[PDB]
Amino acid sequence: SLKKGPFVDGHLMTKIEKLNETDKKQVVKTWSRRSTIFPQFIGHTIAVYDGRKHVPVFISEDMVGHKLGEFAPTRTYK
Amino acid sequence: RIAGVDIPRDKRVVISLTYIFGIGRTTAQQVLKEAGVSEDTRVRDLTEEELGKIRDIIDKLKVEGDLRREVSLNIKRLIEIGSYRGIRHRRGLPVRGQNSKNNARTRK
Amino acid sequence: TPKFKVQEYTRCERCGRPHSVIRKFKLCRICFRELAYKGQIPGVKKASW
Amino acid sequence: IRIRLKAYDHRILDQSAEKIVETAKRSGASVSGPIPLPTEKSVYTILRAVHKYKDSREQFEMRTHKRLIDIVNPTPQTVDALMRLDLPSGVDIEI
Amino acid sequence: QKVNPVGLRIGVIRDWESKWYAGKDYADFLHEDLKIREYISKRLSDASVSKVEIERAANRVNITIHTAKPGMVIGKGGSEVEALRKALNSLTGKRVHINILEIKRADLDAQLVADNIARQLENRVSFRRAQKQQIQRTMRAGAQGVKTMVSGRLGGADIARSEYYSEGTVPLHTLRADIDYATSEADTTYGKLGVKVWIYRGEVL
Amino acid sequence: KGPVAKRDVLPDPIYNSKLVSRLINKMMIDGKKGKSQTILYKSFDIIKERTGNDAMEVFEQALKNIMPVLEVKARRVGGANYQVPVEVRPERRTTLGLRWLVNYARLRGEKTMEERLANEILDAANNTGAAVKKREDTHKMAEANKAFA
Amino acid sequence: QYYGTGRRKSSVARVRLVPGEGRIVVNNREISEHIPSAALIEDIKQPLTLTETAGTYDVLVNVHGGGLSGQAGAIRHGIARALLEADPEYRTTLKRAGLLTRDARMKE
RNA sequence: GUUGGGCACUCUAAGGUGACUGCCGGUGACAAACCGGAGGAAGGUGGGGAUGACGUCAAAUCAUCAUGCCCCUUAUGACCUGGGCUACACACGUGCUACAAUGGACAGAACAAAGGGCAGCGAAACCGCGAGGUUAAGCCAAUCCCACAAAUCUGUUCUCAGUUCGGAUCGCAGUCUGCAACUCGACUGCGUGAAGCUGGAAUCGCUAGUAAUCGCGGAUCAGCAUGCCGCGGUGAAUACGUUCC
RNA sequence: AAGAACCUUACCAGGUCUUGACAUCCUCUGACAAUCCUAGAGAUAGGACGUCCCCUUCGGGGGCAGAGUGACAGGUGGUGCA
């Protein structure tokens, strides 16, 4: 829902809030493709599971509001 | 000429505004209401005063190249993140979860 | 015993089969049909319409 | 007193009401004779798709037959006699 | 294939086993019934019971188990009955009753008949013979038709194929004809074999 | 084996003509008899306003000119391929009258159907247009191969 | 007054003739309001026209169910069936027009 | 009906009756039949569904299930998380909406049936452009709620245009459901407005409440319908004939 | 099988458990357990917190769980020319 606000897994948001205590530094691996990219994520590289491997996606400004799985395409086709 | 668009003369105003990119039926309806002018009058039968008022209301809206650019910078933005939707934009495939096997021809 | 309520799915409470289940009876089309025949389903008779 | 009877066989449901009415009339209270209420028709349609689109139909049906029995000018013996009566396993006696 | 004769003749000439109204309790009262009848089978696998009629009355659940061996069913002083009840009392949750009547002439009931043939085929009695005992017993019982079938690897015969010895008439054309039907599976050392047994027992007029 | 009876239509309430009703039912689309009842009563007011005659005088005249007298029927006994001249039964005359009237009225250039149907009736009544031509056409064709029958 | 139940489809018209001037009032409205079609109105009057009782009786119908066509047929049938209570001499003239038959054409 | 009001009618549904060539004309074995009478709601097999025989394809299913013997048996057992099943060069099926005017929009009228509901239906007020949100009436019920129709009829405007035709697609918008709608829901804004100017060769099917057409409800189901199953409304044309297939 | 987001689900990729998910017993019979703290993507974990089985002439047994236990259990892996 949209009254409840944007969604993010609390397991992930904790990991990134620990990095926000320090200066980015570590790179978080997660399976929460469904988590919304908040402003707090900006500057991080997030390792997101695409079904087999973790895709390293650098988080920029325009990526805020989207989900993490928008940047980790699950199906290979050329 | 309204928002840099020669709206047709013979057809009614509401219709003539639908040609203006960024104005549809319901926008044209609440334009002419906000203009305080009859929505049944004709473009050929309007006044230059009434045109001015219509033109003043439409300046508050994003229309034509202003809107075309807004839309185009979004196409930029999605191909500037390699998002699923971005890739679907550049590949010419459906971007909102439509199936491709058949019935995707508008995109293809 | 699923984690969330959504995951919980209707299974044939006799068969165990998780398909085709009739919420009134909690049976798949199969286990029901058979029991309907035998006539162990209080007032559910075969129809002609 | 207002009684609602519900059954899957209208025969036993009629034989019930007969006694419910007769026990109230021997008890002496005036009876509104068993109102037939709109019989409920739950139909269950099990389809087995053949060639995908053709589909062998098999329909089953449950009918709840209903009867309403009002008892006017009720008596102590009536209220008793109603609880005394044994309506069978296929009838639901609601008061 | 064919319509199950019972299937199409319930509430018409034959009756419900499960005699009870219940609205919101339907599934509770139903799946209970399914345990009760599945239990009495596994328990009384040898007592010649078929029509396990189940009535209900809030918490007074009655189970009539019609039995061709009623003296055997009761047990030594209601020994089998009482032990049966307490389990059912502890399983179902209610006051499980045990009214009992007899299946006079076991060869009139098609379940019992098909159960009899179920054992003969396990003990390796020639398909041929197994049926013929029933057929003739059912004739003398007083039945206007019979159609025992056995189908499967018959005698261990590599190729499975069906063998039916049919006497009298099997009037499936007649909705008022009392065609009993009962299937059964015969698990030998070559798979399983199908005991199907029809019995026309005089018209229901 | 025995000729099925044709369905007895009611008379058209304002012209008391079962012919006019049959036209309505011919014009009716998707069981919208209302649309067709309107169209005809609109078309007949158009005929009466133009001509001054009663629409019934014109419509019956229109049908006379559309209604076929002889038709071509394919006969292939051995070889043959004979277009047997067949006399149109009086029911099949009206059939083909109303069919052609409606079929060609729908094809006309005029904007509304009430005008299109009015103009096809007015043209049919003047022994001209397309629906009258169609009758001529099959008669010209029936006259052409008249040596069979 | 002379009562007669009509039924077509799911319509059920409780027709009642009363001494009047040929007014058909269905559920407290003039027939023209309730049934729009003229063709349907003529067909509803068809029993009154053949007995020549149009202008003799006020028809007071109570209808419920089906549509406008359906409602017509039930009224027609119910007028016809009301007239039979008014005068048994009409039976011959009604029966000739097929007005006393109940059209039992249900959906398949 | 809102209420008192026997309850007439209608409806509800238990039990009945009713169609039989029965009766009457002709006809013909004086009979059967046939032709036509009446009476009746029904006429000459009342109309629908239900229920057949012995068949064969060692037809199909060990991905309903079970199954004798194989195999796997720290895995050919099992559990989780993410993903795929929703890919798309294309093909073969099923289907829906358009290709306008007998239409589109605009408003005023309407007239349905069947079915569902308490872990719910939710009135009605209220809030928002809307989808929805608020709180909560009444009611597991012929009692209350969902539904209470749409096609259509009557006002009005556009005027045969790629169009107030058409709706795809995309951009930006919101709202529910769920732990979560990125892949991959539905719905509603708002703009955009593709193809389509009504589908050949060919092929199938259909004799009436049918074809065509317009809505409704329900199962499955948190949500998800251009599918399925009901239900009702409107409602045809044609059947001469057996010449041919 | 036009009611697959998860579940379903069988497939995949990776994580993981191995009387193994469950399953009969064998017995041993405790509590079983809720539980919420910490992890983890979650399973899988360790534990914060939390164990009282009832019936039992109070022996045992019915259980449930864990352990032991044992063949097995269990396979959408084969064979529909078993």
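Chain C is numbered as in Swiss-Prot; the shown residues are, in order, 13-61.
Per the header: electron microscopy, 3.6 Å.
Using N, Cα and C of the backbone, Cβ positions are placed for all residues, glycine too.
Database features (Swiss-Prot):
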type	residues	note
BINDING	C:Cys24, C:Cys27, C:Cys40, C:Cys43	Zn(2+) binding site
Legend entry - 8 Å Cβ shell about C:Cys24, C:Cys27, C:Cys40, C:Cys43 centroid, Zn(2+) site members excluded: C:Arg23, C:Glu25, C:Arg26, C:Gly28, C:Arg29, C:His31, C:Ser32, C:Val33, C:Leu39, C:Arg41, C:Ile42, C:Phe44
Legend entry - Cβ neighbour count (within 10 Å, all chains shown) around C:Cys27 (Zn(2+) binding site): 17
Legend entry - Long-range Cβ environment of C:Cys40 (Zn(2+) binding site), under 8 Å and at least 6 residues apart: C:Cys24, C:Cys27, C:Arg29, C:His31, C:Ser32, C:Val33, C:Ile34
Legend entry - binding-site residues among C:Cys24, C:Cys27, C:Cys40, C:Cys43 whose Cβ lies under 8 Å from any chain F Cβ: none
Inset, instruction - List those binding-site residues among C:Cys27, C:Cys40, C:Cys43 whose Cβ lies under 8 Å from any Cβ of chain A, in sequence order, or write 'none' if there are none. - result: none
Inset, instruction - Measure from each Cβ of the binding-site residues C:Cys24, C:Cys27, C:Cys40, C:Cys43 to the Cβ atoms of chain E, and list in sequence order the residues where some distance is under 8 Å, or 'none'. - result: none
Legend entry - Nonlocal neighbours by CB distance (under 8 Å) for C:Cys43 (Zn(2+) binding site), same chain, sequence gap 6 or more: C:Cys24, C:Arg26, C:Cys27, C:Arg29
Legend entry - Neighbouring C-beta atoms (10 Å sphere around the C-beta of C:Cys24 (Zn(2+) binding site)): 20
Legend entry - Three-state secondary structure, C:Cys43 (Zn(2+) binding site) (per DSSP): helix
